[PDB]
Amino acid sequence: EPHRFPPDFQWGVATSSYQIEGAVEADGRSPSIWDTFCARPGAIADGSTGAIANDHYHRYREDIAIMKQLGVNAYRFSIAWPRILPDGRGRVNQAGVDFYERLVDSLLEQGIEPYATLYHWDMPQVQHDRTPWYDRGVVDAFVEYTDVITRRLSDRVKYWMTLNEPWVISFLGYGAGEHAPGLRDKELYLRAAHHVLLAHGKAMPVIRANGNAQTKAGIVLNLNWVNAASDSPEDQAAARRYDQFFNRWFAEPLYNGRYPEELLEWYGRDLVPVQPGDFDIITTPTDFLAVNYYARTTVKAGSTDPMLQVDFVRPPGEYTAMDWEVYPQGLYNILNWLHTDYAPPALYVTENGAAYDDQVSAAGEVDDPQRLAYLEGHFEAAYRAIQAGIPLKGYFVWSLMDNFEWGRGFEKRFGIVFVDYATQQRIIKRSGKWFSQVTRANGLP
């Protein structure tokens, strides 16, 4: 049925700075909101921190040799704000810029296109003390950081992403208390949600000004396929509300200068601190939309989430170790929705992958058939998306290697490369050896 991807398709792997880098005190780095959040009891399921992680700081060169073995033509990573501006603003930490210059230099000389995420959830603690995401001052703080780092790197970085997953930043950070800084307040979530969009909009012309005519920028949304548990009229209303909350809350502002009206009303329209010209800033034209896709969420009328009055149903099917339903059709559905409704000139899958229990065999191999089947089904959905005329330009697997899985710690392994945390040994997994032939064939056997 299906083989070959377009000739210039970007095959990638993805990481974030706090998840892989470690060396949290090295070279003038100040603590991030995650360094502080990991101290909180019950915050990390395994009681771990990102202090060491994969030691990608002291070890990037070896990790790039592994990407060459995987045959990626693209690597997606984040830049740690805590290393660039340790005081949050003002004094540039030259050693911090240096690391990202060495990283980008070593990537380009191995022919790997760098895709840089500016914010992947690791705001300096000291800056959070002045401007939490719910404080409108955060916008100019982020623009300043954007300005400093885009001035140093845009000679060599063409592809820039503003913020990773506004929903996670605002709801998990400020609404559910599950992510740094660990606050639980409807108003704080809605304000943080708005300042993430504004921070995205205000950064766009700074990225373009500090670049060339080749510079491309956009935001990264997490989007999952949402499913009504039944056709009961109040189960379909529950699903519609969770869809608005999860998928439409950022996409509608970015393309149509509006929040989803009925959920805005349900919340209390006043809680969102919209000022004049905010939607003009939020709608600033992007070169692409980056999508982070993992699962189908099936919703019923209920009160688990008391804010949304919904319960979650697990339909019969396959579940990852995160307890996420495997649903490749979902990826095709999300990409087609975005295509038909927002017509972005380019789409990237900047994240997709799965956590399964990995073991090193006596032979020293990691046999992950369930991860391999996850990836195969989703690459298949992406291939169908391209055949339907959807302008998908690349696909980045989450993740290059096992890393700090935020509130799950190291117990959840998303790598196509295994990490023995005892020694920092990388073992390419079966899923990784298969990916290595997918990249070289530029499609599926």
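One rule holds for the numbers: they count along the sequence shown, beginning at 1.
Just going by the entry, 132 to 140 versus 227 to 235 on mean CA temperature factor gives the higher value to 227 to 235. The PDB entry records a higher mean C-alpha B factor for 262 to 270 than for its counterpart among 290 to 298 and 262 to 270. For the set 326, 308, 180, 188, the maximum C-alpha B-factor listed in the entry falls on 308. Per the deposited record, 216 carries the highest C-alpha B-factor of all listed residues (194, 216, 200, 371). Per the deposited record, the Cα B-factor of residue 46 falls in the middle third when ranked against the other modelled residues of its chain. Ranked within its chain, residue 338 lands in the lowest third, by CA B factor from the PDB record.
In the deposited entry, the Cα temperature factor of residue 380 places it in the highest third of its chain's modelled residues.
In this PDB entry, residue 399 carries a Cα temperature factor that places it within the lowest third of its chain's modelled residues. When the modelled residues of the chain are ordered by their C-alpha B factor, residue 91 lands in the highest third.
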